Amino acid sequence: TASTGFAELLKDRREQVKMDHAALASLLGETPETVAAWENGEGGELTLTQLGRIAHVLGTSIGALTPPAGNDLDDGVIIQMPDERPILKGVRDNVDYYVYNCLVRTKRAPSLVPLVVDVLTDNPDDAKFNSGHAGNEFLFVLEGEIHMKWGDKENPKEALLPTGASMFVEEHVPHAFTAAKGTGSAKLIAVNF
């Protein structure tokens, strides 16, 4: 089906730009039958590069010729239990900064990446900024008091957030968190979308 979505999108496009197997094969240096093969479902083994070419000849992108991520929902829903969360230990400059408890995701919303981040450090002076990232992010202070930092890492803005505080960080904005000074650690809910 990753080879079927292609079979038809290739056809949609070939006809969209007004070509035929013979005409297309020619720009790609392939037999007119080869092409028809792809349009059947035999495109499965085409290499990434080969797809870069095909997309090119048809003046479009690989993405346009491939199918969208399938649908992984059970009647519009998808659940995840606490003990099935993927865990990722985050380390910045050989320091256990965060711990990512990845929450439920769906191919129907590829950009939605929910997380429960354990903020390990509690020394604001050593907060480590990222360079910011694409996608707006909504945060919620689960437990503890969070020490937030955003903007220019050199002279950034700050905020002390109590449990229950809710934040929004526009995409590309650099930011960093730590537990409140000396308080040990805090927990957070970060939802990227």
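In this text, the rigid core denotes the largest set of C-alpha atoms whose superposition between the two forms falls within 1.5 Å. So that there is no doubt, residue numbering starts at 1 and follows the sequence shown.
Between 139-147 and 122-130, greater CA displacement relative to the shown form is found for 122-130 when the structures in 9 other deposited structures of this protein are fitted on the core. Coordinates for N94 are absent from at least a third of the other compared entries of this protein that model residues on both sides of it. Per-stretch averaging of Cα B factors for 168-176 and 21-29 places 21-29 on top. For the segment pair 133-141 and 33-41, the entry gives 33-41 the higher mean B-factor, averaged over Cα atoms. Across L88, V104, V91, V116, the entry's maximum B-factor at the CA atom is seen for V91. Ranked within its chain, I79 lands in the lowest third, by CA B factor from the PDB record. In the deposited entry, the Cα temperature factor of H56 sits in the middle third of values across the chain's modelled residues. For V99, the recorded CA temperature factor ranks within the middle third of the chain's modelled residues. When all modelled residues of the chain are sorted by CA temperature factor, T47 is found within the middle third. Ranked by C-alpha B-factor against the other modelled residues of its chain, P162 falls in the lowest third.
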